[PDB]
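Novice: give me a 3D structure for the following:
(9 chains, ligands or ions: 2)
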Amino acid sequence: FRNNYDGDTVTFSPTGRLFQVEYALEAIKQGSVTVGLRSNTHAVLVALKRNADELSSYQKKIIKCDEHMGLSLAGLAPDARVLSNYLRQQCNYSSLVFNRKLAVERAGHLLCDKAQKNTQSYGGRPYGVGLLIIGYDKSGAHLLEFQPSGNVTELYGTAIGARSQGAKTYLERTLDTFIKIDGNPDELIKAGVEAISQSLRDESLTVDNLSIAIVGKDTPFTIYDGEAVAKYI
Amino acid sequence: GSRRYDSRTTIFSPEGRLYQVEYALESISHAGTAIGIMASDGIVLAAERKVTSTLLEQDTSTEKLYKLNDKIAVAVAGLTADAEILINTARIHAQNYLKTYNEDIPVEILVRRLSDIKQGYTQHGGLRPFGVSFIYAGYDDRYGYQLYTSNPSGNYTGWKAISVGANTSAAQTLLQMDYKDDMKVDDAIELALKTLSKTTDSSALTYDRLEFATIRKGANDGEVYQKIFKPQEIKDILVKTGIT
Amino acid sequence: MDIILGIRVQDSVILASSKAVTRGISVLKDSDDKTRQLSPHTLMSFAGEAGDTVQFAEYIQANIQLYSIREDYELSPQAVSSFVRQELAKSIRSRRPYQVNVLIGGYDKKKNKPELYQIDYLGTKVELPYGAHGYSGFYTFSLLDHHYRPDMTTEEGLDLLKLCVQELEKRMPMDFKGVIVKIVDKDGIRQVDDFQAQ
Amino acid sequence: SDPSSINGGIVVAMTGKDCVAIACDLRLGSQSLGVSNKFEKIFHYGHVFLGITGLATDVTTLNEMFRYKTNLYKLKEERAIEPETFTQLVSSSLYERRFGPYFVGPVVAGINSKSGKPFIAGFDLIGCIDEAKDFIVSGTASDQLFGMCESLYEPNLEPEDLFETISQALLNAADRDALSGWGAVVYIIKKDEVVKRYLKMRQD
Amino acid sequence: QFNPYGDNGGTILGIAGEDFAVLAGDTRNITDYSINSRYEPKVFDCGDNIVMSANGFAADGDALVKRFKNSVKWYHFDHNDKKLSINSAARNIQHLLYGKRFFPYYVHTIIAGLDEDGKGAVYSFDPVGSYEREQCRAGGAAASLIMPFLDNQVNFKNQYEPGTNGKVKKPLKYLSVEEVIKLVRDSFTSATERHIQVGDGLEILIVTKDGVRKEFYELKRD
Amino acid sequence: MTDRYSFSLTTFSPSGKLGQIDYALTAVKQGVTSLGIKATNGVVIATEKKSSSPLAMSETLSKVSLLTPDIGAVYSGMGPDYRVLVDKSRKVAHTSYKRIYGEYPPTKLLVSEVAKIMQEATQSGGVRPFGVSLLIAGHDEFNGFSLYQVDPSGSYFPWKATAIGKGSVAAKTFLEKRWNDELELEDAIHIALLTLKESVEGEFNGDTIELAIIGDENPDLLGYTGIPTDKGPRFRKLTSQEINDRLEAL
Amino acid sequence: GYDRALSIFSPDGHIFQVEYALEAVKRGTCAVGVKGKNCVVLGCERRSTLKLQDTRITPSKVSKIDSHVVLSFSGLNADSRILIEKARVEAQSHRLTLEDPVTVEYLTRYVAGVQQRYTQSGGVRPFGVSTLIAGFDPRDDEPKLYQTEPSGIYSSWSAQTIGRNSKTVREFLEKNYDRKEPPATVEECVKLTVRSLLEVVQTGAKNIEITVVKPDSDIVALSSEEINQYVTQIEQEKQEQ
Amino acid sequence: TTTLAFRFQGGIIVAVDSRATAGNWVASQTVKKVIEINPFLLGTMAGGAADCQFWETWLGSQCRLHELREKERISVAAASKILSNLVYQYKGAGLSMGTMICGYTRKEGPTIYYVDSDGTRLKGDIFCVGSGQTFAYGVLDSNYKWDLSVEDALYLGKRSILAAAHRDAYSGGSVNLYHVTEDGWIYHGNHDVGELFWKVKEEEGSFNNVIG
Amino acid sequence: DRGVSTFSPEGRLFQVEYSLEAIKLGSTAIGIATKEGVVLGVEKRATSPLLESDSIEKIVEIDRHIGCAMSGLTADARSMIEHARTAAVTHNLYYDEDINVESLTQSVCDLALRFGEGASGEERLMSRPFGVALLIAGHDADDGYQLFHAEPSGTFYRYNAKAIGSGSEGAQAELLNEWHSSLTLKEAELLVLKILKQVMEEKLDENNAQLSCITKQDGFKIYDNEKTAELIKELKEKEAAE
Ligand SMILES: [Mg+2]
Ligand SMILES: [Mg+2]
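Specialist: Residues are numbered from 1 along each chain as shown, chains lettered A, B, ... in the order given. Ligands and ions are numbered 1, 2, ... in the order given. Below is the structure in question.
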């Protein structure tokens, strides 16, 4: 069984499964937790950063792609770099060649197409990281969830990483509330923090521990880390 | 995938040996015996042919002794086709050296180059080696008479008398027995023949089963002559020696 | 052009080559050695385009040195030359041909005879009693055609070169600043430190 | 600049009664400056002869190239190449560089060892093959040579006589050309033997 | 044959003060004898307190300016939001320029800003990269007219101290933004009087620790 | 995508055998019998036309192929493998010979060329040896008449006569008695016909036998007149009728 | 096209093909190099699969990379040929561009890197060779001895050996070589090298070949006889007891 | 342009002028024509501004890399041949540069190499390079002597540039002096021709083809 | 067999884990980062007394402001260092300034996962992960003194102190205790020296342990045997009390 059909991404199991892709998805579940949630005016990202020792830094999980887009990563960081870098290039191309801010919807479509090549090609390997993408554009705020399988989905909010299910359910209830947090950045953030706290167990989210990012109407994708997230615990 | 069907022809055993090389050598040991004996005024190359019949035309045949250039020749033990590939390229490297330097190519250089082509198949590319071993008989202004040998591992060495193919240990032992530093061409021929005679996996050593070659620097001339013996002449040299 | 003369005596080859490098309106150096030792018994003299000159020389040097080591042997002069010719003949049809002219003077230790080869940037090679490249030959060949004898001594050849130099200093328009002479014989290669006044 | 006129030189060959002859001059210069008095232009691969006029570096290159090709030919075919065949090899080797030719004008002379018939031929720098029963001329003095041959020549001359003919043809044609001369050599070719004679001529 | 190049006139001038620097440029854009635009800016804010202008063949100037802003964008990305100091921007441009050494950006560029110490700085480039830091520099068509003026009025060349038998140079003081702007305006009106490519408008970009301020003055439109 | 099979598919076994090659020789063994006998003034190669159904049209399949106007080849083993070898062999006779020397290549050289291809299929990455053995017969001004056999390993050897495939051994044995060095072509044809008969299981006539010869020059087959050096092709495929006339003299 | 990863990691952190290459090294004849106070000696034992050789021609074990640097090895003979040539070229190239011959270290670092490279490039197996490279840096008199292995690792030694039974001879060196007084002479260094070789070569004059490298391009291979003299005098510094 | 460097008892002197021209247009008079590679290596520039600045700043990099790689400081010979071989690769493309690589190393001692875009690399004791080279040589050659004092050397190199700055339209601005010793290069100032000429005339009593 | 870029059922890259194992067998390397500099010390680990200890390069300079210590199959690090050096020099060329240590480090880690056999993602030309890990320490003006641990997985973390190699878990644990914001360069030298002593099989002395530091004032300095020996001595006394 499995041991015969999991050797590579160019093999389908007898059930119609792609194990290498599936195995890829697992490194995500192993990663720390991050949450995304958008109102109609802003989109926030709150992600729990994970240290290695009490003597180390907390792996940076959010990346700015353009002044209007960014994402939080969950899983294999390198693959995150490779992917955000690609997102950076496509954003650049739209600005340069069309003087148009790239549509998050399109950014999504592009990421899916990139991952998919490493899920039907020999010797290649699926990406091992999930991504939460937020952005404000010509049609308001957005939040996109990307999976190495190549699947990308736009949601009012969501969470990924270990214990993600906590926050994912939390938001699923908190919806009617946060989606109405228009014109009040700090609140959405709060909502985000609360949500993120729903997938905790270790210790309470701290200064070196938390990472939040916000994008919106008159707010360029800005990264808040440590000293500045204090007011959000 | 494709890796599935890859034999990895250039890998090491846990013992630090090269499978494909070791296995090629084995192939070669089932091949007709070839011998090279170096004299003080010549070199003899003799070979025993494998695959014979009443109908095989021996006249217009040359399956074991090949001319590389006017001063060097080789005797082959292995796959005859793999042989021709290496020969055609060795012949060429000879001519290149010539054009470039206007001097005939030193036997060892030619040899070393050929050995280098073989070592390649040993270290990269993923292809099976050539199942061939060579005994080169050549002359040159820097070392005169030379006899070398090369095999699938791309290693080469020089010899006073040597053999390759089937029954090497037997022949080698016989050669170590009757060979002496100050031999002469007409004598080495005899030795060459005798040796073949006692290692042959057949009944009697007949002319049609042999290929003989000599590289003599005749005194009344100056140019190193290469003579690849013709059937009638093998028969003759054979009677002289008494094998009949 | 710069001066490159070579004359093969009975037991040696003497190459004479000008000490000046001029660029535009100024003589930049008055002590250039337009020569490279290809091997202990083979010296090559060169002249032509500004950079191609040394670049081609040193390249040929490297290649001959390498062969020397790979085989622990010294290629015959004739060999070194045929090699040089082919490098040239291949260059002439490249994108940017080496515009270099060379004289190769070597002592063939096997034949125990000095040799001198003249090769132009097109890979035109010829073996000669004496040769030159540039405009110098226009004077020296006739001078030598008259004063040269096959059985001359190293000393006689040097004096013959002296005549050549003098004729050149008399009639050529450019001040080439004298020459550096080098003799290639059985015991190697040595530079006549005494030619500016012999 | 005209590649074919830098070095100077001539070659000519004629056929006789069971013989052929090919000769040439020994000059090699650089425009006005004579540089070498010993530059032969006739070469041979076994019993086949090739004379090459034109740019010296190319003459040299082509010689080396046909030694190679003929050497390998013998190793593969186990016999020496014939004229009729070498000609084709020359032609094709030349056409191979159709748009960046070797500036040369080869001449082939020999006697078929199988048929014994005399054979000679010339080519333009890109391979046109001119097989003639009479003579073939080439070099800087080609016009002059054509003049000599066309008049002096007559069918079926004996070796001894042909030698005269070819010699006078060369000699005289060379003297009316500034770029040729400085020595001459003639090859008389017969099945059995071939004799090479040097000629005494104006050294100007 | 197709001629890949053109000349769009214009003239630019940059002056570095003690705690500021300006980069002014005219606003006209022409072609041969026709005016393409009376208002087409060529001095831009590139972020990080750096203003730049690449005057000459507008297509090239534009391409250059584009590639640099972008270089600033990626400097932030690749080097964790670090601010590109002017000296670094300069060297970066040298490379942008010299990359096209065999099909040059037919432009004379200048950037202004504050150095690492906060003092004013101006840097100017040859179309293939030669660059240097300077007190002031003009570029473009009327460069030859304006430059001498600045050597005199900004660097006080040839001006000596009265009654010293010409043995003591005028004290090399540093102008205020107000004076600098006066000079910029004069240099430009003058240039407009005599050059047919200069005119229509003047846009100056002033650079201080407080950011980048824009000033605009009208010029003759004939 | 892309042929990533860049490694040899024929390697060495611990007994020193090249599996794929031996196997190809087996495939050959399963193939119909074909033979070639060499005369003093000719050579004949023949084989049987294993009509794989009576609905199929025998003539529309040449198992005997002309390589040059003086060379032919017949085989035993996998036909397709053969057909493509003829194509190549016919091409190489031009590219490596007629386009350089202005004359067709000599038997041994052409053979030498064919052989080299087969060898490559024994070592090149990603392929399997050819499942054929061929008998190539020709003539050339300098070597006279010849007959060669080329195996999947790429080895070739000249023969006075031989047979390959199914009834090889029996046939090889039958030839050894009849053959001698004073055979005039007609007699060898005859012998070939006899030899062939014994391998042939059922029908035996010109519609089931493909026999070709390499003999005298045939100007009526040149197609043009006026040039006295090109005397005509020496290879001739025998007609059904011509075979029967010799069959009716069993 | 052929790009299969042959040297790869196995569950325990080993690169088998690299390790298996070390074995082929162990299977090769011994080679020793010990450095004196003004020299470096490199000795090697001789193979014995068959005998009736032509001592004159057969490529010895010690090779000159340049007029002042030598390299001996233990391993696949053929494999060593490639490293030598590659080393020689770089020896020339370096001369051409730096106008100075290589230091033994440079040459070492070069050869070393080539080995490492083959342990992580597709389509190739590591070099089944280990080398001893010795000589003197241009214009310096301090002897240099370095060793390289198929992994690509390298470093220097006062004395060292590689090849079959190197474990045994290493011990002899470890005991007989004092870093406070390296064999202060060409003679005693040669001796110590022979003594060491003897412990395993097992009394065989024609079984040993020694080479000495002195400063400024002075490299000399001893005669079958001069060594035999060392073997003789050495069997006495064991017999007189 | 106008640059010189010459060898002597106390080391090497490198003096260059500082004018940049666009044809007859004086583009600048404040250009540094000497690039300080490492504490013991100076490279002078003449020809295309960019070509020199660019490839010499680059040279500086390749020199540093060598340090990192070999732990030893790059020789002047090697440093120079890098530029030279580089330039030779671009031969025929239009690079325009004439430069001198001066420096001191324990191995070579004081050393100066001239390398130009034609690929000529030469070692020597005195080189003047640039449109004003002849002017510099004139003055330099006539007063140069090996046993010169460091102070006199400085002055001489200085003076020679002065010379060229005066006569050669294409040279001027100010002279930049450098002294290369056993312990490295020592900068000896930037001297404005605007004032240097007058001082020199009065003190030395030369340039009498001028009144003032 | 299976490819070199295959994911285990636990979501990890085999070859990466495996190389990480090979790294566990290396000589210890410890780096501690203080407000006065960063110390990087390593254990030479001579495999024989005839090997000239000083010929062991496990601490290298990337640039005057960046140094680095390796641990693992040290031959694999050569191409990494080279890239590190070129990356820093090149940066100085294109921007006339020093490369940020993070940046340098990040550039090195970009090589990490570039292994494969035709992995449709770019052109990955390396057959297997690096079998070594690095401790990269340096200083820039923006973020002060920094120490980074770079693994063959492409990830790298910043540590106030870190140990890699054989004695990692033990040493790491010790570091964890001993470390504090207000440490001093000498204290750090000591800890490295002390902790090295502990995890080292043979007895730590000047010929088998190597110390180095990088400071704003003097840059990357590899401590000379004599200086380190003095510290070793200063340690026997600090330890030979209480
Ligand atoms: Mg005349
Ligand atoms: Mg108007």
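Novice: contacts only, for residue B:58.
Specialist: Residues in contact with residue B:58 (Cβ atoms under 8 Å, 6 or more residues apart in numbering or on different chains) are B:207, B:208, B:231. Quick note: C-beta positions are derived from backbone N, CA and C, even for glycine.
Novice: any chance of the residues you listed in TSV, with secondary structure too?
Specialist: Formatted as TSV, the contacts of residue B:58 follow (DSSP: H, G, I helix; E, B strand; the rest coil):
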residue	secondary structure
B:207	helix
B:208	helix
B:231	helix
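Novice: give the buried residues for the helix or strand where residue I:89 lies.
Specialist: If you go by DSSP states H and E, residue I:89 is part of helix I:78-95. Buried positions in helix I:78-95, judged by neighbour count with 16 or more other Cβ atoms under 10 Å in any protein chain shown: I:78-81, I:83-89, I:91-95.
Novice: same check on stretch E:174-182?
Specialist: Quick answer for stretch E:174-182 (16+ other Cβ under 10 Å): E:175, E:177, E:180, E:181.
Novice: given the longest strand anywhere in chain F, what are its sheet partners and their directions?
Specialist: For chain F, the strand that runs over the most residues, judged by DSSP state E, is strand F:132-140. Strand pairing for strand F:132-140, determined by DSSP bridges: strand F:71-77 (antiparallel), strand F:144-150 (antiparallel).
Novice: centre of the chain to the first one, how far?
Specialist: Just to be clear, that refers to strand F:71-77. 2 Å (Cα atoms, centre = their mean, to the nearest Å).
Novice: the helix or strand that it is followed by vs strand F:71-77, what angle?
Specialist: For strand F:71-77, the succeeding helix or strand toward the C-terminus, using DSSP H and E, is helix F:79-93. Between helix F:79-93 and strand F:71-77, the angle comes out at 160 degrees (axes from the mean of the first three to the mean of the last three Cα atoms, to 10 degrees).
Novice: name the helices or strands packed onto helix F:79-93?
Specialist: Using 3 or more Cβ pairs under 8 Å, 6 or more residues apart in numbering or on different chains; DSSP states H and E as the contact test, the elements touching helix F:79-93 are strand F:65-68, strand F:71-77, helix F:107-123, strand F:132-140.
Novice: how does it look with 6 Å?
Specialist: For helix F:79-93, the packing partners by 3 or more Cβ pairs under 6 Å, 6 or more residues apart in numbering or on different chains; DSSP states H and E come out as strand F:65-68, helix F:107-123.
Novice: contacts for it, please.
Specialist: Residues outside helix F:79-93 that contact it (Cβ atoms under 6 Å, 6 or more residues apart in numbering or on different chains): F:65, F:67, F:68, F:75, F:105, F:110, F:113, F:114, F:117, F:130, F:131, F:132.
Novice: turn these into JSON lines, including neighbour count.
Specialist: Formatted as JSON lines, the contacts of helix F:79-93 follow (neighbours: other Cβ atoms under 10 Å in any protein chain shown):
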{"residue": "F:65", "neighbour count": "22"}
{"residue": "F:67", "neighbour count": "26"}
{"residue": "F:68", "neighbour count": "23"}
{"residue": "F:75", "neighbour count": "31"}
{"residue": "F:105", "neighbour count": "25"}
{"residue": "F:110", "neighbour count": "26"}
{"residue": "F:113", "neighbour count": "19"}
{"residue": "F:114", "neighbour count": "24"}
{"residue": "F:117", "neighbour count": "16"}
{"residue": "F:130", "neighbour count": "27"}
{"residue": "F:131", "neighbour count": "24"}
{"residue": "F:132", "neighbour count": "27"}
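Novice: how about those residues in JSON lines, adding distance to residue E:54?
Specialist: Formatted as JSON lines, those follow (distance: Cβ to Cβ, whole Å):
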{"residue": "F:65", "distance to residue E:54": "72"}
{"residue": "F:67", "distance to residue E:54": "70"}
{"residue": "F:68", "distance to residue E:54": "71"}
{"residue": "F:75", "distance to residue E:54": "75"}
{"residue": "F:105", "distance to residue E:54": "68"}
{"residue": "F:110", "distance to residue E:54": "69"}
{"residue": "F:113", "distance to residue E:54": "65"}
{"residue": "F:114", "distance to residue E:54": "68"}
{"residue": "F:117", "distance to residue E:54": "63"}
{"residue": "F:130", "distance to residue E:54": "67"}
{"residue": "F:131", "distance to residue E:54": "70"}
{"residue": "F:132", "distance to residue E:54": "71"}
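Novice: rewinding a little: so of the strands paired with strand F:132-140, which one's packed in deepest?
Specialist: Of the strands paired with strand F:132-140, the one with the most neighbours on average (mean count of other Cβ atoms under 10 Å in any protein chain shown) is strand F:71-77, at a mean of 28.
Novice: list the contacts of that one.
Specialist: F:27-28, F:31, F:34, F:45, F:47, F:64-67, F:82, F:107, F:131-138, F:164-165, F:212, F:214, F:235.
Novice: doesn't residue G:73 fall inside a helix?
Specialist: No - with three-state DSSP as the criterion, residue G:73 is strand rather than part of a helix.
Novice: just the buried residues of stretch E:174-182: which are in strands?
Specialist: Reading strands off those, I find no matches (DSSP E).
Novice: need those residues in CSV (columns: distance to chain I).
Specialist: Putting the buried residues of stretch E:174-182 into CSV (distance: Cβ to the nearest Cβ, whole Å) gives the following:
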residue, distance to chain I
E:175, 28
E:177, 28
E:180, 27
E:181, 30
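Novice: and the strands in the chain?
Specialist: If you meant another chain, say so; for now it's chain A. Counting by DSSP E, the strands of chain A are A:34-38, A:42-48, A:62-66, A:69-75, A:129-137, A:140-146, A:152-154, A:157-160, A:210-216, A:219-225.
Novice: chain G, not that one
Specialist: Going by DSSP E, chain G shows strands at G:9-10, G:14-15, G:31-35, G:40-45, G:63-66, G:69-75, G:129-136, G:143-148, G:154-156, G:159-162, G:208-214, G:218-221.
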